[PDB]
Amino acid sequence: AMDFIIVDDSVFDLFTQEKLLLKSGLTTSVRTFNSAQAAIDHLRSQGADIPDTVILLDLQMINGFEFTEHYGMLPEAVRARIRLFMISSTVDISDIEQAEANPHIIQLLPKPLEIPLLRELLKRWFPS
Amino acid sequence: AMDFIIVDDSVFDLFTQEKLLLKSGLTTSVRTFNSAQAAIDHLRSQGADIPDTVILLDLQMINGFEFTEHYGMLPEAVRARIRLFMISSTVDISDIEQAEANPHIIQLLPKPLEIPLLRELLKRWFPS
Amino acid sequence: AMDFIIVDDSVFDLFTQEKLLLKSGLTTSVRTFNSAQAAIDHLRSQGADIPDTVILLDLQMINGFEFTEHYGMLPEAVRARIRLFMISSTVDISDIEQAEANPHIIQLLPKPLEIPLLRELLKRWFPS
């Protein structure tokens, strides 16, 4: 039982991604945000009682590495319930290195999202 | 089953707060510290086997935002068992912003402590 | 059920330590690394589904306080499954203070490793 939060400035990509995630049995609750601020605002109202939550954050957006700065300010107890992933259509080796260096970014995923790739990846980070 | 740790330079406020927490069924074990050093010293001797622990830290005190620096040095495994709250009689919007920015400070609570407000807040951060 | 990871540039110390840990009933799975890079590489491939893992890191080695920098870059979900300890033959009060200040270093242990000392210490950090 996982919640999904998508953060993307592209309205087309936002709704499309939401559609695909719902189309699979990967999740039944998709929350969508068009801005980092609104995404951060929602997270600041959450406690450690929230379900296993996956956050899909777009790279070329505040952007991705400004979002993580505000994200790192959230209490550790709520961050522990969350697995944050970076998504992007363009992927140069410089982006990969930065995501790797960023503690909150688990992995950089390519666009469009590969559902079987992510479903397997969820086994690793949300076990049992 | 929660432990409570109060850190306040005001001896009157320290014992008074301890009294109120014991007066309610919110907790049965209240530890009180008159100094950040003694509070930090006690925490450094703890492991990840400690009960769900709430820490009430006074703002105008090392002070509050020097205590958190030493607090951030504790192992993550013991910090995960702890929910840290800032308490103060005076609350200007500048204090709120800083507490919000500080990852270890979950929320700034006003003095005197509102037990029903905190009891509800404990449901969020120490679930089940 | 714990996994043990030893990181030591000394090949003699590495295999010797591995031998002692296996000699006791403290663990049955010891992974050994002769370099911080190879140790970090292995950790970067792990998820939050890994067993309770103890990491023994040698001080005079990248060294110990460069290893922790790369270690701090790992996702918090995998770090929560790990207890990291610093080990060294020489122990001046300056080393103790730095280990104390480093959030990821739980405790500095002397060489050679005292198995009963560590076994008791594991009760604190890997409870139940």
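Any value given below was found using the heavy atoms of this structure, including those in side chains, with hydrogens, waters and symmetry copies removed. Numbers restart at 1 for each chain; the letters A, B, ... are given by sequence-line order, proteins then strands.
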OG of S29(A) to CG of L22(A), rounded to nearest 0.5 Å, is 8.5 Å

### Task
Run the numbers on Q60(C) and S10(C) for side-chain contact (heavy atoms from CB on, under 4.5 Å), then give the verdict.
CA-CA 10 Å; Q60(C) 284 79 28; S10(C) 170; over 6 Å; no

| Between the main-chain N or O of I5(C) and the side-chain N or O of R31(C), is there a donor-acceptor pair closer than 3.5 Å? | no

CZ (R79(B)) and NE2 (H104(B)) are apart, to the nearest 0.5 Å, by 5.0 Å

*Considering only heavy atoms from C-beta outward, does the side chain of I115(B) approach that of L26(B) to under 4.5 Å?*
yes

What one should report as the nearest heavy-atom pair of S24(C) and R119(C) is CB-NH2, 4.0 Å

On a heavy-atom basis, the closest approach of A38(B) and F33(B) is O-CE2, 3.5 Å

Take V7(C) and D58(C) through the test side-chain contact (heavy atoms from CB on, under 4.5 Å) and record every step on the way to the result. CA-CA 6 Å; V7(C) 187; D58(C) 175 73; over 6 Å; no

On a heavy-atom basis, the closest approach of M61(C) and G64(C) is CB-N, 4.5 Å

Review point. Stepwise, does the side-chain contact (heavy atoms from CB on, under 4.5 Å) test hold for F4(B) with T28(B)?
Key: CA-CA 8 Å; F4(B) 272 73; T28(B) 55; over 6 Å; no

Exercise. Regarding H42(C) and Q46(C), is there a side-chain donor-to-acceptor distance under 3.5 Å anywhere?
Worked result: yes

For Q107(B), the side chain to side chain donor-acceptor pair (under 3.5 Å) test, sequence neighbours excluded, returns none

- prompt: Ignoring hydrogens and geometry, is there a side-chain-to-backbone donor-acceptor pair from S88(C) to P110(C) under 3.5 Å?
  reply: no

Note: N34(A) and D9(A) closest approach over all heavy atoms is OD1-O, 3.1 Å

- Message: So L43(C) and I82(C), do their side chains get closer than 4.5 Å, heavy atoms only?
- Response: yes

Main chain of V54(B), side chain of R83(B): is a donor-acceptor contact present, judged purely on distance under 3.5 Å?
no

| Validation row: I87(A), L59(A) side chains within 4.5 angstrom (heavy atoms) | no

* To do: Kindly indicate, with the supporting measurements, whether the criterion side-chain contact (heavy atoms from CB on, under 4.5 Å) is fulfilled by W125(A) and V78(C).
  => CA-CA 8 Å; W125(A) 297 103; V78(C) 74; 4.3 Å; yes

Distance col, row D95(C):CG vs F65(C):CZ, nearest 0.5 angstrom, shows 6.5 Å

- Query: Between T32(A) (side chain) and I6(A) (backbone), is there a donor-acceptor pair under 3.5 Å?
  - Reply: no

Do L20(B) and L113(B) come close enough that some side-chain heavy atom pair is under 4.5 Å? no

Here the gap from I105(C) atom CD1 to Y71(C) atom OH, rounded to the nearest 0.5 Å, amounts to 8.5 Å

task = Taking the side chain as every heavy atom from C-beta outward, state whether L14(A) and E18(A) have any pair of such atoms under 4.5 Å apart.
result = no

**Study point:** Test item: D52(C) and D3(C) side chains (from C-beta on) under 4.5 Å apart, heavy atoms
**Key:** no

ask   = Would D41(B) and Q37(B) count as having a side-chain donor-acceptor pair, cut-off 3.5 Å?
value = yes

d(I96(B) CD1, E100(B) CD) to nearest 0.5 Å is 9.5 Å

So do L109(B) and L117(B) actually touch side chain to side chain, heavy atoms under 4.5 Å? yes

Got a donor-acceptor contact below 3.5 angstrom from the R81(C) side chain to the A48(C) backbone?
-> no

**Asked** Are the charged groups of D8(B) and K111(B) less than 4.0 angstrom apart, N to O?
**Response** yes

(message) Any side-chain to backbone donor/acceptor pair from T53(C) onto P51(C)? Under 3.5 Å, distance only.
(response) yes

Shortest non-hydrogen pair, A99(C) vs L108(C), comes out as CB-CB, 4.2 Å

- Basic-acidic side-chain contact under 4.0 Å: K123(A), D49(C): no

To the nearest 0.5 Å, atom CG of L84(C) lies from atom CG of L56(C) at 8.5 Å

Indicate yes or no: at least one non-hydrogen side-chain atom of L121(B) is less than 4.5 angstrom from one of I106(B).
no

